[PDB]
Structure formats: structure tokens, C-alpha cells
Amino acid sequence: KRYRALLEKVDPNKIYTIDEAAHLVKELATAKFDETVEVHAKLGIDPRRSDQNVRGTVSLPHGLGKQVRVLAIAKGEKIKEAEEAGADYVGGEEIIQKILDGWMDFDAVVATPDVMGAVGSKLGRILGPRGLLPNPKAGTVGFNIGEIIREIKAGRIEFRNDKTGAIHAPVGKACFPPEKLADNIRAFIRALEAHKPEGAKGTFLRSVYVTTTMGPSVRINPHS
């Protein structure tokens, strides 16, 4: 038990406006560190149909682009590729000890498939909860590491539905000022609607939610 007080602040049968949720969500993220805020949606698509799949990018108005300090962990000539692409910090596995000793001045981590065993094994504990672990479908692990770095630097994050017909993406951290959070949430919804597939029939956004790492979900009105 660590949530009776957390359950009293949210009405489960209420559809909140994006601004109310933006303010409310900050009070649900009363946990350690800076909690990642995500928007989740149930889409009106047939997930087994390739012509009804949703994949795209959203340029969020706050938090991304240049200002993001990217740490790239790689091996061989991939370190050179990462340097050429402009990652803020680049290192081989030797840099894991630096993070272990308390170094943490980066906002995002990208890595090549070959350093992941050691990365996930030595840092899954620290980075995992903070939402900083490179992950194949978060698009932060791949051999085309120069491309990954340039995308984030450009301020774009990718999204795609999963096999259950759900989709989601991080839109900020709990500490963000509510108006910035609200701006980012609206930006993701606008991007998502512009990606409604041709033949999708019926309601596209069946229900939309805002949530933190390990908190209750808040249902929101996508058109507020």
C-alpha cells in the first residue's frame, strides 16, 4: 500500500480538460525523482491491418531539440559517428562507471545494440525508473546512432501503436509548469489526429489518458 491518498484526488468517472489534468497530474507524481508524464490513447483501428497502423513524429513545443543534452554510449567506429552527429557526451562502456559514481548531467541516453548487455545490467536500476534506459521501441537503441541523435536534436519524438491498439508517448516531467505540460499534451493530440488512417472507420480516439510512471490515470477531453 502506497496509494489510498493518491486515489482520493482523482474522480474516475470524470473527463478532465487538458488544463485541469495538467494541474492535477503534478499532485499524483509525489514520488522520488522527476516522474515522466505520458499521454495514452485507445484508437479505433484494427491493429492487425498494416494499412490502419499509426506511426509518426511530433515536434513538442517544450523540452526537446538543442537544449537536450544527449549521452551516446557506443563501440568501435560508432563512437566517431556519434561525435560527428553532435551528441553532447559520447563514450564507450568506460563511461558507465562515471554514471555509477554520480554523474548524471544528461537528459537522454541513446546506445548501440552491442553495449546494452552491460548498460541494462549495470544501469537498469538507476536509469530504468528515471525513464533514461535506451529501449528499442522508444527508438533510443540502434546501429544508425547518428540518425537517432539528429532526430532528438531536431526536437522530434516518434510514435506508433502497439499490438493492443493502444499508443502513447512521454510529454514532459511532473515538475514542468502546468501550462507547458498542457501545451505538450495538446501538441501530441493534434499530431495523432493528423495521422488518422484513410480507411479507419468510426471514432479514432476512443478514450485518452494522462498518467505518470506509477500513478492513477486521468481521463481527458482531447478537444479541450
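Position 1 is the first residue in the sequence shown; the rest follow in order.
Mean CA B-factor, 61 to 69 versus 165 to 173: the higher value falls on 61 to 69. As listed in the deposited structure, the average C-alpha B-factor of 78 to 86 and of 129 to 137 is greater for 129 to 137. Of the residues listed, 200, 15, 210, 24, the entry assigns the biggest Cα temperature factor to 200.
Between the residues 115, 154, 100, 110, the entry's highest C-alpha temperature factor is the one at 100. The PDB entry assigns residue 92 a C-alpha temperature factor belonging to the middle third of its chain's modelled residues.
Remark: residue 36 belongs to the middle third of its chain, ranked by C-alpha B-factor as recorded.
Per-chain ranking of the deposited C-alpha B factor places residue 145 in the middle third. Split the chain's modelled residues into thirds by C-alpha temperature factor. Residue 184 is in the lowest one. When the CA B factors of the chain's modelled residues are split into thirds, the value for residue 219 lands in the lowest one.
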